[PDB]
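Asker: Dropping in the first section of the assembly, placed as in the complex:
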Amino acid sequence: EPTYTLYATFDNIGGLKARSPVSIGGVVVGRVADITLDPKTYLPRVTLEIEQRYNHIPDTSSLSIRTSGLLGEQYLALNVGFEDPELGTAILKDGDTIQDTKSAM
């Protein structure tokens, strides 16, 4: 499965770990590859590997830390954004950063 890399900074990653799934409408599209806490900014940075066939995600898209049911595992929900194509059509590409992140409750 070919993949591309995205990065995202959160204030709080909760119980998120390496190989946590990334999902759109509940379907897994990717994985967390790495979590490192930046020693300078003390903000956790997440590296994701997204399957190449999910390739048209607007850069206004957001990432959320969520839980499966009441007592299941943490995952990242990627919320596919809107961008008016009449005003430029910025798409997340290999090596891009998702700016809009929502941390563990």
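Answerer: All right, it came through fine. Numbering: from 1, shown residues only, chains lettered A, B, ... in the order given.
Asker: And the residue nearest to the spatial centre of chain A, how far from residue A:71?
Answerer: Among the residues of chain A, the smallest C-alpha distance to the mean C-alpha position (C-alpha atoms, centre = their mean) belongs to residue A:63, namely 4.6 Å. Shown here: residue A:63 relative to residue A:71, a distance of 22 Å by C-beta to C-beta, to the nearest Å. Backbone N, C-alpha and C define where each C-beta goes, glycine included.
Asker: Quick check: bridge partners of the closest residue to residue A:79 other than its chain neighbours?
Answerer: Distances taken as C-beta to C-beta, 6 or more residues apart in numbering place residue A:62 nearest to residue A:79, at 4.6 Å, with adjacent residues excluded. Each beta-bridge partner of residue A:62 is listed here: residue A:79, residue A:100, as defined by DSSP bridges.
Asker: contacting residues for residue A:62?
Answerer: Shown here is residue A:62, whose contacts under the criterion C-beta atoms under 8 Å, 6 or more residues apart in numbering are A:78, A:79, A:81, A:98, A:100, A:101, A:102.
Asker: between those residues, which is closest to residue A:43?
Answerer: Distance to residue A:43, by C-beta to C-beta, is smallest for residue A:101 among the contacts of residue A:62, at 9.9 Å.
Asker: hmm, what's the outermost residue in chain A?
Answerer: Computed with C-alpha atoms, centre = their mean, the maximum C-alpha offset from the centroid of chain A is found at residue A:86, amounting to 26.0 Å.
Asker: how many other residues sit next to the nearest residue to residue A:99 once chain neighbours are set aside?
Answerer: Excluding its sequence neighbours, the residue lying closest to residue A:99 (C-beta to C-beta, 6+ apart) is residue A:59, at 7.4 Å. Residue A:59 has 17 neighbours, counted by other C-beta atoms under 10 Å.
Asker: wait, residue A:59 sits on residue A:80?
Answerer: No. The pair residue A:59 / residue A:80 is not scored as a contact, 11.1 Å apart, by C-beta atoms under 8 Å.
Asker: Ends of stretch A:76-93, what's the gap?
Answerer: Start-to-end span of stretch A:76-93 (C-alpha to C-alpha, to the nearest Å) is 18 Å.
Asker: please slot chain B in as well:
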Amino acid sequence: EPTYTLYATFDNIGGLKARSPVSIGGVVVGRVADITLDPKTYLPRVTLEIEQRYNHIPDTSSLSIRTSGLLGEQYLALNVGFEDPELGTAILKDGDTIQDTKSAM
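Answerer: Placed with the earlier chains, chain B looks like this:
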């Protein structure tokens, strides 16, 4: 049990998976066969297998994602729709799509 195939699009399938039950007032009438995320719409599409003896379901029928108790598994609740007697018998058959769906939580 011989089965027929129905399709349904949701915004979010939650923790629904292959072999999740489909029920009418809590009685199992079929199974989720397959879940795929369409790369064109980024909306999940579900393939269901419904037992052929439940073969007079009106096309007005709807599907809901629900949970068993507070803690338990996700399933699809099929809500049997109104059939106008004045204008004949518009019935789900192998390969039809249920238009009316409601997503997780």
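Asker: Re-run the earlier check on the neighbour count of residue A:59 with chain B in the model.
Answerer: Per other C-beta atoms under 10 Å in any protein chain shown, the neighbour tally for residue A:59 reads 17.
Asker: Contact partners for it?
Answerer: Applying C-beta atoms under 8 Å, 6 or more residues apart in numbering or on different chains, one finds that residue A:59 lies in contact with A:81, A:83, A:90, A:91, A:92, A:96, A:98, A:99.
Asker: Residue A:61 now?
Answerer: Neighbouring residues of residue A:61 by C-beta under 8 Å, 6+ apart: A:78, A:79, A:80, A:81, A:92, A:98, A:100.
Asker: I'd like the distance from residue A:57 to chain B, if you could.
Answerer: Applying C-beta to the nearest C-beta, to the nearest Å, the value for residue A:57 to chain B is 8 Å.
Asker: Look up phi and psi at that residue.
Answerer: Note on residue A:57: backbone dihedrals following degrees, to the nearest 10 are phi -80, psi 120.
Asker: which residue packs closest to it, ignoring adjacent ones?
Answerer: On the basis of C-beta to C-beta, 6 or more residues apart in numbering or on different chains, the spatially nearest residue to residue A:57 that is not a chain neighbour turns out to be residue A:92, at 4.6 Å.
Asker: how much space is there between the one you found and chain B?
Answerer: As it turns out, when the distance is counted by C-beta to the nearest C-beta, residue A:92 lies 12 Å from chain B.
Asker: Touching, that residue and residue A:6? I think so.
Answerer: Yes. Between residue A:92 and residue A:6 a contact is recorded at 5.9 Å, counting by C-beta under 8 Å.
Asker: shared neighbours of these two, which are they?
Answerer: By C-beta under 8 Å, 6+ apart, residue A:92 and residue A:6 have these common neighbours: A:50, A:98.
Asker: and these two? which has more neighbours close in?
Answerer: The neighbour comparison of residue A:92 against residue A:6 (other C-beta under 10 Å) goes to residue A:6, with 25 against 22.
Asker: sec struct for the more buried one, please.
Answerer: strand (DSSP: H, G, I helix; E, B strand; the rest coil).
Asker: Could I get the contacting residues of the residue nearest to it when sequence neighbours are not counted?
Answerer: The shortest distance from residue A:6 to any residue that is not its chain neighbour, by C-beta to C-beta, 6+ apart, is 4.7 Å, and that residue is residue A:48. When the contact criterion is C-beta under 8 Å, 6+ apart, the partners of residue A:48 are A:5, A:6, A:7, A:8, A:22, A:30, A:31, A:32, A:33, A:76.
Asker: to the structure above, add chain C:
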Amino acid sequence: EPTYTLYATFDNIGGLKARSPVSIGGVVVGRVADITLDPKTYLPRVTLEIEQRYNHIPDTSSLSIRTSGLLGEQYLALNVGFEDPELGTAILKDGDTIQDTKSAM
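Answerer: If we add chain C to the chains shown above, we get the following:
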């Protein structure tokens, strides 16, 4: 241990199953024998087996789907009805239907 059979329609049986107990004020008096979908109404049809020593239950009696504590098993509570004696001797017998039912919400 001789039993008589009664029938009941629910909108929704929740997690009720074959061999779920039937109780009067919390004492087991019977079992669910069978659950199917009625092909005419697509409503769940429950078959119950009641011990023959509990044989003077008024047909005004009702059934409720209930749960043991929080997160325990589903069961049927049979609520023994009031009978106006000036219309009396209206008693549930083998094959009768309990009209007044309350489903799982």
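Asker: Confirm the residue farthest from the centre of chain A sits in a strand?
Answerer: No. In this structure, residue A:86 is helix, not part of a strand, as judged by three-state DSSP.
Asker: Residues of chain A that sit close to chain B?
Answerer: The interface of chain A toward chain B, taken as C-beta under 8 Å from any C-beta of the partner chain, is made up of A:24-27, A:29, A:53-57, A:68-72, A:80.
Asker: what's residue A:64 in contact with, if anything?
Answerer: Contacts of residue A:64 were listed using C-beta under 8 Å, 6+ apart, and they are A:76, A:77, A:79, A:101, A:102.
Asker: let me fix that: residue A:83
Answerer: A:58, A:59, A:60, A:89, A:90.
Asker: if you set the cut-off to 7 Å instead, what comes out?
Answerer: With contacts defined as C-beta atoms under 7 Å, 6 or more residues apart in numbering or on different chains, the neighbours of residue A:83 are A:58, A:60, A:89, A:90.
Asker: Which residues lie in contact with the second one in this structure?
Answerer: This points to residue A:60. For residue A:60, the set of contacting residues under the criterion of C-beta under 7 Å, 6+ apart consists of A:81, A:82, A:83, A:100.
Asker: got the buried residues for the longest strand along chain A?
Answerer: The residue-count maximum for a strand in chain A (DSSP state E) belongs to strand A:27-37. Using 16 or more other C-beta atoms under 10 Å in any protein chain shown as the test for burial, strand A:27-37 gives A:27, A:29, A:30, A:31, A:32.
Asker: Can you tell me the closest non-neighbouring residue to the second one?
Answerer: Spatial nearest neighbour of residue A:29, excluding adjacent residues (C-beta to C-beta, 6+ apart): residue A:54 at 4.6 Å.
Asker: what's the one you found in contact with, if anything?
Answerer: Neighbouring residues of residue A:54 by C-beta under 7 Å, 6+ apart: A:24, A:29, B:39.
Asker: go on, residue A:53?
Answerer: Taking C-beta under 7 Å, 6+ apart as the definition, contacts of residue A:53 comprise residue B:39.
Asker: Understood, closing this out.
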